[PDB]
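Reviewing the structure listed below.
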Amino acid sequence: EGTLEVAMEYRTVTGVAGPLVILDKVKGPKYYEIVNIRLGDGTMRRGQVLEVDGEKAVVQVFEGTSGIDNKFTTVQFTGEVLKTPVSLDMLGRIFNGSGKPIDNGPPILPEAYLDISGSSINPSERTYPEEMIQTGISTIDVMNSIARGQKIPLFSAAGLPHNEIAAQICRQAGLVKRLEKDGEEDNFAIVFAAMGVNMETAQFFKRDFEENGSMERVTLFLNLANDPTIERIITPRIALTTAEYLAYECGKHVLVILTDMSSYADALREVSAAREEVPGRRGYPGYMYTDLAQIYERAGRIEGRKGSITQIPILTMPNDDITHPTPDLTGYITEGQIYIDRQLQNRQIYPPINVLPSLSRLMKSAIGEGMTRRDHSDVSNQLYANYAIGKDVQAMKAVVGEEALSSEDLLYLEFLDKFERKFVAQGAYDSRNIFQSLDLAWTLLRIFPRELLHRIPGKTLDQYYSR
Amino acid sequence: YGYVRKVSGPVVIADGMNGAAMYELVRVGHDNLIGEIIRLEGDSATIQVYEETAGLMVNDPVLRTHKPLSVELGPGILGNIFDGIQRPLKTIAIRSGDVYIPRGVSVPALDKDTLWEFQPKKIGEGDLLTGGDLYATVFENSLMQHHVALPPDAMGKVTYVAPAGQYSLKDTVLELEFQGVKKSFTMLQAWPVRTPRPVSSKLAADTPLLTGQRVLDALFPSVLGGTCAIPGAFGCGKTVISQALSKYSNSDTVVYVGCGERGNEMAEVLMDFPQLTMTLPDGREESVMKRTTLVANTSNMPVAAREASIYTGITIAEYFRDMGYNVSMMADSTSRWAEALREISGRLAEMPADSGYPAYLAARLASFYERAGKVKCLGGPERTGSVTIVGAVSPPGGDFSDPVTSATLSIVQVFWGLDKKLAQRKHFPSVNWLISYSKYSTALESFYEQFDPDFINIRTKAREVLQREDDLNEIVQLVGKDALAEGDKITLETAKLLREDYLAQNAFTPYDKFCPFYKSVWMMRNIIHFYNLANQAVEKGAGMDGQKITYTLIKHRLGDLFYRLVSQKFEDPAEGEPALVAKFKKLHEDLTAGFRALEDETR
Amino acid sequence: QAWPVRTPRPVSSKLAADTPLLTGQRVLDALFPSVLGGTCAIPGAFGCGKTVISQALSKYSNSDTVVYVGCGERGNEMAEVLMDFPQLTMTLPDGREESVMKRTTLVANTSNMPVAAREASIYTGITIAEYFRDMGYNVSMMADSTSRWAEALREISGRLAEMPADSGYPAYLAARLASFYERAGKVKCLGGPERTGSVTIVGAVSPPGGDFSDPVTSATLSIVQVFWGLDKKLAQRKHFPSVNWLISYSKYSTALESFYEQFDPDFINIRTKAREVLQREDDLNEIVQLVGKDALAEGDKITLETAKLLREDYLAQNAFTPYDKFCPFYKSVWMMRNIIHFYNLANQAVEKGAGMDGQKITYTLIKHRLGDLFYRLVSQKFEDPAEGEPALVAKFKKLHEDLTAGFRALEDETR
Amino acid sequence: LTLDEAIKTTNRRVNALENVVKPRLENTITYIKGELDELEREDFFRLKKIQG
């Protein structure tokens, strides 16, 4: 830090196509060098250097390419990668896609600058999800529960209220250990990143968080659909960096809500097409898996610090499918999957969660004696078995006829109806405790006879069958 | 020496190489990110970064190491955690207190300074020695005897052999003379990550793997030093089957090389390696960390590391098999490895063949999966080890025609195809008994004959019963159970008995945690014997009764035996093999008494 | 004044819209309503003639101004519009005759016109809509056949050798279409006085082959708030609106709750009940097709009844007859209330009828003895709106009360 | 009664099950081929032209 150097300033813009500008005769161009673009009109745009070769350097532009010309476009090379400012003061504020504040307030007075896509954590220093949290949703809390540091993506399609359930989860987020849990450190410090969302959904989320009373806790990063596409590829990275600082270097539990991963994949595809690389599945860039892994693996508990990051990236199935590359890779990476079913929506259940495909890989470790009753796993296994047998029985009754169905067949159909009616359905502003919720699950289970409950061990049966 | 010209993610062009070697490791930039050459074009070269590449500059120096990728083989590798670049992660975390892994860190794979005892095997001065001769042994820990051996490309006469003593890795202990030159030697030896270790001869496998799971051990047996294929599903398998290999497997050592996976799962399992000791030795409780080595590269790891980690793991496995120890290699990768090949092909602008996968995917998979077998080692004394490969593929939910799956099933001999429906059915083993198959069946004929000659026929009968149940499930779904006959009734009863008692192993309970082969064979024998007795009873059908009437009668009259056949699962293996064998023999005798008194009563 | 067409005209602020768009068509007005300034999408596969719906909206919406733009639209349609709008009159509170042609501007260029101009056409249309929005008026724009715009993007991008991301459509399709749809909304205008105008966008995404999995349809459904699903089944049956209830959905239902409550609290409950009845009707149709007409429950019979009545009367409008040309909201609410109240009376009769026979089994006999009232229920749609609000409301009160009295007396009879 | 039920089941199968599944298979084949194969070949050709 003896002496510094002022950034260069070039005018050699030999080609402008799409969201990219092709500089030339540039010397010493760093990779991912952050550039500031001064147009002929004087307005300043910021962009990134996607590729470096010889004296050439392909520069992507965040704010679009609607004013650049050879004669008067001047570009500077700051000689550094993106480093968003971060501090504790960043809380309770709303920011644009690139992190520029839009809360009509002042810019962030940084505590420090953190390079985006923060340093890789030594795997020998991570820790498994230790504690579990109460999500308020009966379907989420009782089965496929969410532990601190888990990666649970919600899978939805167009029209399904993924935004509404995301807002519900944000208000209902809470600890559960023995139903015990100021908790300012325990405050979830929700980081919400919305990419390519309709302005109506943006105002919806803004009002929902403003009325929630957590405006001193939550932090919103917005990249609307009308906003430039390139900005959307940085917004979740900025959110991850802010969460990492506020969690690790600030000692606060942090929950992350990433919105519309399909929109992020769209920006990735746009960038790849503009750069003209070899496609992957469905024309997507071949490295989309690496990008999603880097955007997902930045969460989890850490041994050396008291903080933790738990992320709930809502995902939009494009054609209401899973073979699409984005949901497929997300399932490959994320340790969970929550399904919102169009069939449930057709019957007008406000939480449409389809419990059958829902699963949490760390659910077994999440549930504990302190976290839940000792028979919670038995309840979950029994509910899976009963639902699967009931679906098979419903198909059999449909093919053979309603009358031809056996007595246990009608019992399974009644269980399905009562379950999908009372259990899955829940109110919109109503949260709920875990232990009596498990009691109600036992009510649904004791609807079936003791003999049929082969999945539940006899010990837990005697423990909680009669009640 | 050379300087960068083009930077595009993992691909970094370096002009000025001129004479450079294909796959020669080269350090790039001031941080010296280690990378390998993938494409020569003349003076220029193409280097995969093997690290984060942001922040490079044109004219940044590039240095040639002149040597292909190699992993340091020597004492002290067991119970350690390595990235695909062979970096001791715990050592990095300790030396540098920062929780992160610093960019371009250069730490030796094994600590030279650390001391280790020595024990020569009566080696004499002037003796002619050859590559792979187990001249000495070192106890890295209890129950682990690292027998240091001469490098495969090394032989001569022993001018000097060190006396037994405490030595650091940098220390020399053995001196050889050959062709009028003197070659010193340390414990650590370097071997290329490709080009498998030399083998005197490849041998036909003879002994099964004998895993804890019942279906894996009986229905789809796997020999020692043989390939395996699992679809890498969650909840079980990579958690359950892997745990069974880790603590319940007869393999001496496990090389877990998971790559391209969920990070939290590996965090938990790494937290589990020091714990979860298994008392396999008679007098000591073998902590599994002693008999395991983790090659961990999470999803955030660089793409080239995903390709490198598999070969590092198989090199370690070949090393262990050189000493004669039987070692298992579980690989959660080869699912994301194909993705890494796709990425590197896309950056290199190669033309894909099918669905975007580069063509040589099949060839590389064939090489890696054929790098395993029962091998007679080099040198003296004559010894034999094996390497068993268990590699994951795409999850069972997707189509099994995926190119990676198709390539694997071409070469792999045992596919333990898990079922999504079974997983949703909460059937924990989740192994499908229809798609799965084990081509190793013919080899184990002698083993099964010497163990129990009747086991083959009862296994075939169980397979036939399962096939009949699966076949007529469609019929009963369509037509209905009304037309089902007495033979069909007993067939369905036996099929349900199998699905509940036999194929289901919770493994979360002491009675179900591990199922020895003696208990598995007895349970199958009991089920098949009950099926045979029911068949004979319904076949008799005399005395103005029998057939379906006999089936209902034995269902009610002999309901106690049918009920306790299910409880036969709950019989605790820890009680001891003689006691369990006696109990099962008594149960078989009672079953013979059943359907015999029922034969006497003539319904 | 000249405005860069691509750039979006500035707004002081964007505010939530809470004024429903009164289409004048019962199905869209009630089942899947839209707010003023909202964003809508009409697939309208080949042969459905969505343009009649668009023209009906242009004629009878409550908008202050109409900006009709057709990209790829056939020339005859624009002739028809220009020849028929001037004669057609709309009645303001003053009541004087006035031509919607004054209220409407046409930006359309026919299919014969060069394809490169599709973008320019759509952007000029939307910027003219925005200009009228800044004036304080509430304007609605209809974008005929944006699929032609997508094809124009594909053709232009194809020449540039830009890589085809999906089915020839370039990667930057969702972005542009999203911007186009996002220029819509309800905003507080700039300057003084404090105008509050809006722009309503109701585009059209014609599915090639009639498969909604098409890329343009996929992106639209992704970024659209209210969606009206046209189907070939109803079009073939000459239903006329051809608005399938199942696929169509409105995300604006929550917002218009206040307006519905102040107008009529019954509307929410009757709307939900009608949706449930339609879903049950579809399920029962599937079950019967699987099994057969026989073994059909009397309660299921009552459910399928009056659901057939819904489909035949309330969900269908002729759109070319004086009575069905424009459906006022109040009479739509009355018809829906009549249908649901008949259904509820049937449920009550099933609950108690002095034995299971008279309760539900005799639903056929109830239909026989209530045939005149059921015919009045099915014919309530036939009346013209020219009778005036008092006449229609009095007639609907009389119909509802007569139906209730007759049903109760017949339910009282033999019970 | 049994013959009526069986005949109804068989006729329903022949008239609905196959008559719906066969169009499903045809649509799946048409979509799979005419989208995936066509667009993959087009992408490969465009890349080849780019290199050329």
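Using the numbering of Swiss-Prot, the residues shown for chain B are 21-623, in order.
Note that Cβ sites are derived from N, Cα and C of the backbone, with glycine treated the same way.
According to DSSP, B:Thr259 (ATP binding site) is assigned to coil rather than to any helix or strand. Counting every protein chain shown, the number of other Cβ atoms lying within 10 Å of the Cβ of B:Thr259 (ATP binding site) is 16. Swiss-Prot lists B:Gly252, B:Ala253, B:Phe254, B:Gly255, B:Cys256, B:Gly257, B:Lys258, B:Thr259 with the feature ATP binding site, giving sequence analysis as the kind of evidence.
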Note = Those binding-site residues out of B:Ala253, B:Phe254, B:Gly257, B:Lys258 that pass a Cβ cut-off of under 8 Å to chain A are B:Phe254
Query = Does B:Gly257 (ATP binding site) have same-chain partners at least 6 apart in sequence with Cβ under 8 Å from its own Cβ, and which are they?
reply = B:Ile250, B:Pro251, B:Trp436, B:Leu438, B:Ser450
Key: Cβ-based neighbourhood (8 Å from the centroid) of the ATP site, residues B:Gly252, B:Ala253, B:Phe254, B:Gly255, B:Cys256, B:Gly257, B:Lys258, B:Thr259 excluded   = B:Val260, B:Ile261, B:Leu438, B:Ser450
Task = Rank the binding-site residues B:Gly252, B:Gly255 by the number of other Cβ atoms within 10 Å of each Cβ and report the first-ranked residue.
result = B:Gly252
Request  = Based on Cβ atoms within 10 Å, give me the single least packed residue among the binding-site residues B:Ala253, B:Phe254, B:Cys256, B:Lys258.
outcome  = B:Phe254
